[PDB]
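*Asks:* Before I ask anything, let me first share the structure, which is written out below as structure tokens.
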Amino acid sequence: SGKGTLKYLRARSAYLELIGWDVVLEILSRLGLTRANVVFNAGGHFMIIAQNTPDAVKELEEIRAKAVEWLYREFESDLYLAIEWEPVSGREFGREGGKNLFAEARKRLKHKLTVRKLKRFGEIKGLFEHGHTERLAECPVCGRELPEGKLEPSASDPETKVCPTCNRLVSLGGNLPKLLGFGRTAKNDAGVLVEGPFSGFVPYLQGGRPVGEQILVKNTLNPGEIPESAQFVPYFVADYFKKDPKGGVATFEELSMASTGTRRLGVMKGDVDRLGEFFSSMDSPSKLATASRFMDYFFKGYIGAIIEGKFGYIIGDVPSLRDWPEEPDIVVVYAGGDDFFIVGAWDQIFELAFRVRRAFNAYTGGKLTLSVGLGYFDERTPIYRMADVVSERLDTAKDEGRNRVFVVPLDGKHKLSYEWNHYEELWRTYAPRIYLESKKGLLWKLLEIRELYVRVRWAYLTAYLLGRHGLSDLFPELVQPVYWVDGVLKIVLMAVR
Amino acid sequence: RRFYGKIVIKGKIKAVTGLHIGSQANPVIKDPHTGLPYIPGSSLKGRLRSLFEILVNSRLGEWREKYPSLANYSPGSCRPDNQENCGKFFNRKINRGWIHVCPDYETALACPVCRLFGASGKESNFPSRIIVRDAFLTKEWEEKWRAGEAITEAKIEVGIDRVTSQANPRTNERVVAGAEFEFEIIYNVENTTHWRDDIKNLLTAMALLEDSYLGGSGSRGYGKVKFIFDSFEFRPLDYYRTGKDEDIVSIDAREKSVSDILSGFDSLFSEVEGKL
Amino acid sequence: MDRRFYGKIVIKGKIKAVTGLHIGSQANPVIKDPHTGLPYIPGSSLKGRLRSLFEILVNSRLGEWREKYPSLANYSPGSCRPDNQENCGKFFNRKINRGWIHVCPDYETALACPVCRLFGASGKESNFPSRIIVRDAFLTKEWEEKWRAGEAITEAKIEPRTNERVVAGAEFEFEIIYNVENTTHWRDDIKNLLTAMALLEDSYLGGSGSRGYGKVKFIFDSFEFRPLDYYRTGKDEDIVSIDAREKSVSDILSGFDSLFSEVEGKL
Amino acid sequence: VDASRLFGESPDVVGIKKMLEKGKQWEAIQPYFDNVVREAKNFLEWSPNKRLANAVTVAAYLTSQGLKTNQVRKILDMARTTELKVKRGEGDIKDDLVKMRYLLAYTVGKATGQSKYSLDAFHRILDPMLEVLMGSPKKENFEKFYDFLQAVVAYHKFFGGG
Amino acid sequence: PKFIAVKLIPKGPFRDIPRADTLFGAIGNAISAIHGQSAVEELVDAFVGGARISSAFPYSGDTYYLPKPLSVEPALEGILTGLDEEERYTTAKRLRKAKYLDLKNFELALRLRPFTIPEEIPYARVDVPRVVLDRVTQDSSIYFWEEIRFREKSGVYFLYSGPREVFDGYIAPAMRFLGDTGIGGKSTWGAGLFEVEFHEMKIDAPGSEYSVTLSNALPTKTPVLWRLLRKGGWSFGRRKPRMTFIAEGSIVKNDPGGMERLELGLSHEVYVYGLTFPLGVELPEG
RNA sequence: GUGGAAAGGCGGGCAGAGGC
RNA sequence: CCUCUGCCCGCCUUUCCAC
Ligand SMILES: [Zn+2]
Ligand SMILES: [Zn+2]
Ligand SMILES: [Zn+2]
């Protein structure tokens with residue numbers, strides 16, 4: 001709801017991770033395997049290579065049992081974990097004859113999962129039993145029924161009663177500057193904030209000794225100050241937050257109060273076009289593990305390099321309202337292996353969405369493209385409204401032609417989303433001429449001249465208007481190019497109040 | 001809950017001066033498909049409720065016998081003492097603004113205000129008795145929008161420093177003056193003792209709105225709305241039960257709200273008084 | 001705290017554009033109705049020039065009225081162009097973009113300001129609503145007929161440029177509504193309103209005016225009181241103080257409480 | 001450039017602005033449309049963008065000439081008041097179309113001196129269409145001139161007039 | 001079969017599309033108004049024994065929409081074997097995020113035959129700003145309300161199969177009270193209002209063991225392929241408990257649904273509609 | 001026996017200052 | 001037809017649920 005701040009949302013994303021690493025690190029431990037078996041673990045979707053014994057399958061069916069019963073007491077069917085397994089042979093780990101046997105044996109497993117996300121909680125045996133629990137209050141922030149009251153007073157306003165698992169994610173969401181990882185240990189132990197299905201997670205802060213059997217360390221491959229008996233799990237996370245002058249993460253307000261122009265909250269959400277058909281030509285398990293790290297490393301670690309502004313050689317010249325600052329005001333909420341959800345100022349989340357497409361295009365050889373949704377919102381807009389808009393507005397810029405930036409006629413021959421080079425060629429021309437001192441009536445009426453064209457009366461109307469000032473060099477082909485100037489005008493108008 | 005019949009009032013809202021009901025270069029609200037302006041039902045109900053609570057607030061002494069539970073309020077706002085249901089009339093703090101909303105079903109049955117517009121309080125609440133529909137444009141003014149005429153304007157207003165005469169102008173969109181609308185108000189006859197009162201109070205508050213303003217600026221001229229009735233039909237409980245067009249119709253194509261509030265209240269509604 | 005209602009003193013009448021009348025917009029056209037294509041005085045533009053002249057009247061008199069209207073102990077005559085504070089001891093205490101205006105910052109300061117109780121205040125947290133409403137004033141009926149038959153209602157006046165102006169002699173219909181919210185001070189708020197209209201007959205309305213585009217002159221038709229009893233009952237039982245051949249400089253003149261003896265009879 | 005870049009519909013609307021701001025090139029290329037528009041005595045004989053395409057050639061035929069605006073406005077601010085009476089006001093504007101043709105006859109008889117071929121460029125093209133409004137309705141067959149009314153006005157500013 | 005397609009031509013916004021527990025909750029509040037408590041119980045017993053109403057679905061000018069069965073979700077690859085591998089990715093995802101289908105395409109999806117999806121959704125969801133104003137000083141306390149705004153000729157309709165003496169006795173009276181009283185919240189701003197029409201709809205179906213549903217069932221056994229709905233509404237100012245309902249298009253196997261009754265501390269008792277609306281469907285091997 | 005009940009997008013703001 | 005101005009300031013959900 002509108003009661004959850006950004007430090008909360010940033011802690012929801014960092015707690016779906018630990019749910020994902022609790023499940024994988026219980027499959028590896030009760031099967032005797034090591035973290036070399038985890039082929040990928042990337043935004044909820046992880047693949048593990050194990051053995052086919054009647055003792056391994058007996059243990060997986062307890063893990064799939066206890067994880068789904070955990071994910072139901074905690075979250076009333078908002079989140080489900082589908083786990084399946086395909087007994088593959090030895091000869092199916094690589095190409096044989098002319099047919100790819102590995103991708104053929106991995107599409108036999110994608111169908112077990114497809115048929116399981118339909119049947120969403122078919123291992124509860126009281127899923128459809130309407131047992132009537134009494135005195136059900138209801139959390140404001142997330143919406144959860146909670147039995148018999150038992151709601152902790154919120155640390156923000158003690159006149160409101162939240163569920164217990166949001167007082168954790170405020171405290172966790174406050175520790176995100178300091179937090180160097182998490183120690184993963186027994187659920188009934190000192191310091192455990194959050195709980196996964198199997199373990200309980202302490203925060204390993206900066207000045208503090210790590211406790212736990214296994215210690216997850218964010219964003220480094222260096223087991224620095226871990227005991228010599230623990231287990232080292234490195235895991236990477238895309239984590240660029242603009243700070244406040246406090247030790248903390250900047251607010252939806254405090255970011256958007258540093259956008260030049262009108263003050264908006266910019267919200268971008270996008271993912272790699274046609275990714276699953278990239279991983280089906282990978283025919284050996286060494287070749288899929290290659291193609292899955294490099295795509296994960298881009299979104300984990302070569303996006304925080306972009307928000308730094310490093311390597312504008314390989315990016316070049318992008319649509320920039322102002323020159324890219326030294327410490328940008330961009331918050332990376334969720335960065336998945338094939339997609340991301342970043343918020344920030346409207347000003348710099350616009351330049352970043354061309355500083356990302358341009359770097360991804362060179363990070364591959366060109367043979368994989370992106371697709372972005374972009375959003376402009378008031379600061380005090382709730383999240384569920386904001387994200388459902390931009391997820392649709394990403395889906396809008398996808399089912400057209402899947403390589404299209406969204407930025408800002410009822411026939412069917414038009415389409416809302418600019419393509420990438422299209423917008424970057426409209427910006428090379430129309431923007432360096434108009435960026436006309438306080439002549440905004442030349443600009444705002446021209447958008448209303450444009451909005452008769454949607455409804456060739458517009459041509460001479462622009463012709464007198466460009467003439468009754470004396471702007472002939474500006475927009476010569478404007479007297480369909482009147483349709484594709486709405487991107488560049490409506491942005492540069494916002495850059496000047 | 002003792003439903004008896006529904007009284008439907010249909011008339012045309014007319015904008016004698018340019019109406020403006022905003023959204024947040026300052027748009028009046030519009031249908032997201034046609035794009036034509038409209039008057040909401042939240043915005044017309046609540047302007048009638050507002051003008052009528054100010055009406056009752058002045059009369060908390062004369063109305064203590066005709067309306068019970070009006071002797072528990074002294075005229076004013078409970079804003080000074082941040083406690084709800086104190087001894088004043090405006091006694092519910094919604095967010096920051098204090099509105100009269102009665103605390104309890106057995107008092108709101110006896111308020112003149114909360115009986116008609118409804119109320120909310122612990123231990124149940126009183127649902128409203130009216131339904132103010134949204135007032136779209138009439139078809140004569142769709143067919144001026146189809147014809148290519150304007151249907152909204154863009155008015156430019158300036159503020160001026162009084163010593164230096166420095167001007168800093170802003171622009172309001174407003175609907176073109178003359179635009180005819182089409183409203184519908186569906187009273188719910190839940191009791192048969194007070195149905196005349198609730199209709200005379202609904203026409204009192206519509207007569208205040210014809211000298212007040214609906215929406216927008218109004219003190220600077222944006223209201224001046226005019227109500228023009230067509231027909232009031234009372235739908236009996238048996239009419240729904242059968243779907244036979246057997247309902248009283250009080251026909252008044254050209255009457256004001258002051259020519260119908262007392263001039264024809266007992267001469268036109270005499271057939272509604274009969275059937276209960 | 002405590003907004004009440006007692007009636008609506010309605011001032012109708014007819015504005016006489018004695019000289020040519022120019023209230024422009026954006027070859028320099030006066031605003032017209034978009035429907036009928038005919039000019040009008042806006043109520044936004046008339047309420048302002050009625051407030052522009054009355055604040056300057058109050059601006060020169062801040063010392064000797066703080067016993068009749070309190071909360072003028074806040075103000076000393078001046079402005080806030082010399083120093084950027086939204087609220088200091090100066091009368092023009094509203095930023096209002098680049099030009100200052102007098103707006104009291106609260107309900108209960110403005111309840112005793114003689115300006116902001118009449119034309120209306122605005123404020124952070126609590127704010128005070130206006131008591132007069134000024135409708136947009138259109139052409140009368142007989143000047144519709146002159147437009148129907150080819151008589152000029154506009155003219156272009158080459159000044160090398162053209163200021164269009166509504167041709168002189170033209171008449172407009174203006175309706176002013178005052179809301180009686182407190183019976184103890186309605187006399188002042190009707191006297192302070194007609195004080196602001198006496199100043200408009202000496203000043204101008206719209207456009208350049210210092211080059212003679214003003215000389216607006218009121219022609220009264222009817223005062224009506226409309227008590228609260230009128231809204232409850234549709235019968236025309238309201239007070240009609242006719243002043244049909246009176247001037248604004250005679251109604252507010254001695255001859256006022258002879259006209260307003262029947263508003264007492266309702267209180 | 002003479003009758004090479006300029007073509008029928010939309011070929012040289014953007015490139016002819018620098019040539020008109022020339023003398024012998026526009027004296028023969030724009031003379032054919034001013035005769036074809038004279039041969040366009042039927043006004044509503046163009047439902048496509050032929051009028052708006054010919055509006056550029058007529059405004060180029062009015063560009064090198066004067067075309068003073070104070071004589072333009074009164075003829076065309078009378079053409080709106082006919083349209084303002086279309087909006088449920090009147091149905092017979094027959095008495096004003098005689099006065100409408102008289103104002104153009106009064107205009108070409110007043111502007112004397114160096115403005116002869118200017119106002120006679122104005123007198124040439126519209127009189128094939130100024131006979132049409134007499135025996136025709138207004139709901140059709142006038143409004144199509146009311147679009148071509150301002151079509152020639154606007155590009156004449158665009159080529160450097162006023 | 002041949003159903004009764006009750007159209008609801010809207011006169012404003014709605015709050016949401018009515019699900020089949022808020023249509024039976026509205027009929028039970030209409031028939032308690034125009035008849036009484038002793039006719040609400042004869043209403044429930046005709047749904048317990050006999051008749052079935054569905055959820056409501058949008059129409060747009062003689063094209064009627066119906067929910068996509070989840071039966072085509074697995075087989076989609078084997079459905080589309082007349083395509084190349086460049087559009088068997090891009091037909092395959094739009095035919096999976098699709099929510100509704102025409103009356104013509106829905107009859108194909110039950111046969112496991114290829115289909116296309118609607119290009120345009122007949123309604124929009126928008127948030128309209130609402131401001132509470134203090135009577136004394138006009139202080140504004142703005143809040144946001146989200147409502148369904150329909151197109152020109154679109155609206156919503158539900159279906160009804162059962163005996164005709166129930167329809168004229170309890171449904172066609174109740175859907176004329178509900179036309180003037182509205183369905184859903186904010187009915188005092190003119191929200192859930194409508195006119196009403198009645199038609200004869202025929203939907204072809206295969207004959208099989210399994211059947212889609214077109215209503216939120218509260219199934220006794222586990223169904224074949226489902227999709228959870230976790231809603232619980234409101235009832236005379238008391239909060240209902242939440243109940244796992246199954247969304248339309250879920251495949252059940254010979255399951256009659258069921259009505260759950262609740263108590264809520266009212267003078268009467270509350271029956272939550274949970275009965276299924278079966279249409280036969282052809283499945284793949286699982 | 002209706003994800004319900006109550007809830008005005010408003011309060012204030014001269015398109016004007018010089019220019020025959 | 002020329003010269004400065006070309007929207008500010010706010011609230012941005014409140015409260016009800018009978019063990
Ligand atoms: Zn919570
Ligand atoms: Zn009340
Ligand atoms: Zn003041």
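Residues are named by chain letter and number: chains run A, B, ... in the order of the structure tokens, numbers start at 1 in each chain, and ligands are numbered from 1 in the order shown.
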List all protein, DNA and RNA residues that have at least one atom no more than 12 Å from any atom of ligand 3, counting only C-alpha atoms (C1' of nucleotides) and all ligand atoms, and write them as an MDAnalysis selection string.

*Replies:* (chainID C and resid 51 54:55 58:59 62 69:75 87 90:94 101:123 127:128 130) or (chainID F and resid 12)

*Asks:* Write to file, as a PDB file, in the first residue's frame, the residues of the selection just made, with C-alpha atoms (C1' of nucleotides).

*Replies:*
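What follows is the written file again33.pdb:
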```pdb
ATOM      1  CA  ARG C  51     -10.199  43.725  -4.972  1.00  0.00           C
ATOM      2  CA  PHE C  54     -10.162  47.941  -2.209  1.00  0.00           C
ATOM      3  CA  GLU C  55      -6.875  46.607  -0.913  1.00  0.00           C
ATOM      4  CA  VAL C  58      -7.271  49.490   2.978  1.00  0.00           C
ATOM      5  CA  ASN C  59      -3.510  49.845   2.390  1.00  0.00           C
ATOM      6  CA  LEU C  62      -4.265  50.342   8.334  1.00  0.00           C
ATOM      7  CA  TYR C  69     -11.577  45.296  12.384  1.00  0.00           C
ATOM      8  CA  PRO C  70      -8.968  43.661  14.612  1.00  0.00           C
ATOM      9  CA  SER C  71      -6.086  41.476  13.362  1.00  0.00           C
ATOM     10  CA  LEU C  72      -4.801  44.601  11.635  1.00  0.00           C
ATOM     11  CA  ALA C  73      -2.272  44.646  14.455  1.00  0.00           C
ATOM     12  CA  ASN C  74      -0.365  42.253  12.202  1.00  0.00           C
ATOM     13  CA  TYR C  75       0.048  44.713   9.386  1.00  0.00           C
ATOM     14  CA  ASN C  87       4.602  36.887   6.162  1.00  0.00           C
ATOM     15  CA  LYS C  90       3.520  44.157   5.774  1.00  0.00           C
ATOM     16  CA  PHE C  91       0.077  44.152   4.211  1.00  0.00           C
ATOM     17  CA  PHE C  92       0.975  42.546   0.884  1.00  0.00           C
ATOM     18  CA  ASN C  93       1.939  39.206   2.388  1.00  0.00           C
ATOM     19  CA  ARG C  94       1.266  36.685  -0.397  1.00  0.00           C
ATOM     20  CA  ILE C 101      -1.274  40.295  -2.910  1.00  0.00           C
ATOM     21  CA  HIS C 102      -2.888  40.540   0.543  1.00  0.00           C
ATOM     22  CA  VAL C 103      -4.070  37.143   1.811  1.00  0.00           C
ATOM     23  CA  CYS C 104      -4.397  36.466   5.540  1.00  0.00           C
ATOM     24  CA  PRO C 105      -2.840  33.079   6.389  1.00  0.00           C
ATOM     25  CA  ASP C 106      -5.607  31.455   8.410  1.00  0.00           C
ATOM     26  CA  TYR C 107      -9.324  31.269   9.099  1.00  0.00           C
ATOM     27  CA  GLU C 108      -9.439  33.386  12.227  1.00  0.00           C
ATOM     28  CA  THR C 109      -7.039  36.090  11.213  1.00  0.00           C
ATOM     29  CA  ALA C 110      -9.136  36.576   8.064  1.00  0.00           C
ATOM     30  CA  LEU C 111     -12.365  36.474  10.041  1.00  0.00           C
ATOM     31  CA  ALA C 112     -11.470  39.956  11.292  1.00  0.00           C
ATOM     32  CA  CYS C 113      -9.678  41.251   8.204  1.00  0.00           C
ATOM     33  CA  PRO C 114     -12.200  43.412   6.328  1.00  0.00           C
ATOM     34  CA  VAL C 115     -10.750  42.353   2.987  1.00  0.00           C
ATOM     35  CA  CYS C 116     -10.305  38.615   3.313  1.00  0.00           C
ATOM     36  CA  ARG C 117     -13.694  38.065   4.881  1.00  0.00           C
ATOM     37  CA  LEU C 118     -15.330  39.594   1.849  1.00  0.00           C
ATOM     38  CA  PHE C 119     -13.340  38.498  -1.162  1.00  0.00           C
ATOM     39  CA  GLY C 120     -11.942  35.411   0.481  1.00  0.00           C
ATOM     40  CA  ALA C 121      -8.693  34.160   1.858  1.00  0.00           C
ATOM     41  CA  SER C 122      -6.436  31.130   1.376  1.00  0.00           C
ATOM     42  CA  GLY C 123      -3.979  29.470   3.802  1.00  0.00           C
ATOM     43  CA  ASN C 127      -8.267  28.600   5.059  1.00  0.00           C
ATOM     44  CA  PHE C 128     -11.284  30.994   4.663  1.00  0.00           C
ATOM     45  CA  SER C 130     -15.155  33.850  -0.117  1.00  0.00           C
TER      46      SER C 130
ATOM     47  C1'   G F  12      -7.234  32.054  -2.985  1.00  0.00           C
TER      48        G F  12
END
```

*Asks:* Each residue of chain A with at least one atom at most 12 Å from chain C should appear once, together with its nearest atom pair and the corresponding distance in Å (one decimal); atoms considered: only C-alpha atoms; ordering: chain, then increasing residue number; output as a tab-separated table.

*Replies:*
```
residue	atom	partner	partner_atom	distance
A:441	CA	C:26	CA	10.3
A:445	CA	C:26	CA	11.7
A:468	CA	C:27	CA	12.0
```

*Asks:* Write the residues you've just listed into a file as a compact mmCIF listing (two decimals), in the first residue's frame, and include N, CA, C and O atoms for each of them.

*Replies:*
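File written: again_12.txt
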```txt
# COMPACT_ATOMS: atom_id res chain seq x y z
N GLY A 441 4.63 28.71 -25.63
CA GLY A 441 3.41 28.69 -26.41
C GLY A 441 3.62 28.18 -27.82
O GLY A 441 2.70 27.60 -28.41
N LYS A 445 1.22 24.69 -27.79
CA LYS A 445 0.18 24.65 -28.82
C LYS A 445 0.51 23.63 -29.90
O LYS A 445 -0.39 23.00 -30.45
N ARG A 468 4.77 33.02 -37.62
CA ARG A 468 4.46 34.27 -36.93
C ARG A 468 5.41 34.56 -35.78
O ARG A 468 5.24 35.58 -35.10
```

*Asks:* Could you write out as a PyMOL selection string the residues of chain D within 12 Å of chain B, counting only C-alpha atoms?

*Replies:* chain D and resi 83-84+86-88+139+143

*Asks:* Output as JSON, numbers by chain the set of chain C residues within 9 Å of chain E, with distances taken over only C-alpha atoms.

*Replies:* {"C": [1, 2, 3, 4, 107, 125, 126, 127, 128, 129]}

*Asks:* Given a cut-off of 6 Å, which residues of chain E touch chain G, counting only C-alpha atoms (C1' of nucleotides), written out as a PyMOL selection string?

*Replies:* chain E and resi 140-143+238-239+265

*Asks:* If the limit is 12 Å from any atom of ligand 1, counting only C-alpha atoms (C1' of nucleotides) and all ligand atoms, which residues qualify? Return them as JSON, numbers by chain.

*Replies:* {"A": [1, 3, 4, 8, 9, 12, 74, 75, 76, 137, 138, 139, 140, 141, 142, 143, 144, 145, 146, 151, 152, 153, 154, 160, 161, 162, 163, 164, 165, 166, 167, 168, 169, 170]}

*Asks:* Pull the closest atom pair for each residue of chain D that gets at most 9 Å from chain A, along with the distance in Å to one decimal, counting only C-alpha atoms, ordering rows by chain and then ascending residue number, as a Markdown table.

*Replies:*
```
| residue | atom | partner | partner_atom | distance |
| --- | --- | --- | --- | --- |
| D:13 | CA | A:479 | CA | 7.5 |
| D:14 | CA | A:476 | CA | 6.1 |
| D:15 | CA | A:476 | CA | 8.8 |
| D:17 | CA | A:472 | CA | 8.8 |
| D:49 | CA | A:456 | CA | 7.8 |
| D:52 | CA | A:456 | CA | 8.2 |
| D:147 | CA | A:457 | CA | 8.2 |
| D:150 | CA | A:460 | CA | 8.5 |
| D:151 | CA | A:460 | CA | 6.5 |
| D:152 | CA | A:460 | CA | 8.6 |
| D:153 | CA | A:464 | CA | 8.5 |
| D:154 | CA | A:464 | CA | 5.0 |
| D:155 | CA | A:463 | CA | 6.2 |
| D:156 | CA | A:464 | CA | 8.4 |
| D:157 | CA | A:464 | CA | 6.0 |
| D:158 | CA | A:467 | CA | 5.2 |
| D:159 | CA | A:467 | CA | 8.4 |
| D:160 | CA | A:467 | CA | 7.9 |
```

*Asks:* May I ask you to write as a PyMOL selection string all residues lying at most 6 Å from ligand 2, with only C-alpha atoms (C1' of nucleotides) and all ligand atoms counted?

*Replies:* chain B and resi 101-102+108+111+113-114

*Asks:* Restricting it to N, CA and C atoms, dump the selection as a PDB file, in the first residue's frame.

*Replies:*
```
ATOM      1  N   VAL B 101     -21.170  13.652  10.238  1.00  0.00           N
ATOM      2  CA  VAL B 101     -21.649  12.303   9.989  1.00  0.00           C
ATOM      3  C   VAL B 101     -22.061  11.722  11.336  1.00  0.00           C
ATOM      4  N   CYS B 102     -23.345  11.377  11.467  1.00  0.00           N
ATOM      5  CA  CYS B 102     -23.943  10.920  12.717  1.00  0.00           C
ATOM      6  C   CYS B 102     -23.281   9.643  13.218  1.00  0.00           C
ATOM      7  N   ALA B 108     -28.829   8.601  13.352  1.00  0.00           N
ATOM      8  CA  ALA B 108     -28.877   8.987  11.948  1.00  0.00           C
ATOM      9  C   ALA B 108     -30.229   8.743  11.318  1.00  0.00           C
ATOM     10  N   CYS B 111     -31.555  12.397  12.175  1.00  0.00           N
ATOM     11  CA  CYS B 111     -30.975  13.608  11.616  1.00  0.00           C
ATOM     12  C   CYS B 111     -31.608  13.905  10.266  1.00  0.00           C
ATOM     13  N   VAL B 113     -29.948  15.338   7.912  1.00  0.00           N
ATOM     14  CA  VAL B 113     -28.854  15.222   6.957  1.00  0.00           C
ATOM     15  C   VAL B 113     -28.506  13.770   6.716  1.00  0.00           C
ATOM     16  N   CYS B 114     -28.204  13.050   7.780  1.00  0.00           N
ATOM     17  CA  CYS B 114     -27.650  11.721   7.642  1.00  0.00           C
ATOM     18  C   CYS B 114     -28.680  10.681   7.279  1.00  0.00           C
TER      19      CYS B 114
END
```

*Asks:* Near residue 237 in chain E, counting only C-alpha atoms (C1' of nucleotides), which residues have an atom at most 12 Å away, once you skip same-chain residues fewer than 6 positions from it, shown as a ChimeraX atom specification?

*Replies:* /B:120-127 /E:264-266 /F:1-5 /G:16-18

*Asks:* Give me, as a ChimeraX atom specification, the residues of chain C touching chain D, with the criterion being at most 12 Å (counting only C-alpha atoms).

*Replies:* /C:27,33-38,147-150,152,154-158,160-162

*Asks:* Please compute the CA of residue 310 in chain A-CA of residue 366 in chain A distance, one decimal, in Å.

*Replies:*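 CA of residue 366 in chain A lies at a distance of 19.9 Å from CA of residue 310 in chain A.
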
*Asks:* Work out how far apart CA of residue 344 in chain A and CA of residue 7 in chain A are and give it in Å to one decimal.

*Replies:*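 Taking CA of residue 344 in chain A as the start and CA of residue 7 in chain A as the end point, the length is 13.3 Å.
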
*Asks:* Give the residues of chain A that lie within 12 Å of chain B; count only C-alpha atoms, and format the answer as a ChimeraX atom specification.

*Replies:* /A:378,409-410,441,444-445,447-448,452,455

*Asks:* For CA of residue 60 in chain B and CA of residue 260 in chain B, determine how far apart the two atoms are, in Å to one decimal place.

*Replies:* 25.6 Å

*Asks:* Mind listing as a ChimeraX atom specification which residues of chain B are within 10 Å of chain F, counting only C-alpha atoms (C1' of nucleotides)?

*Replies:* /B:21-24,28-29,40-51,92,94-95,99-102,114,117-121,124-128,155-162,164-171,214-217,219-220
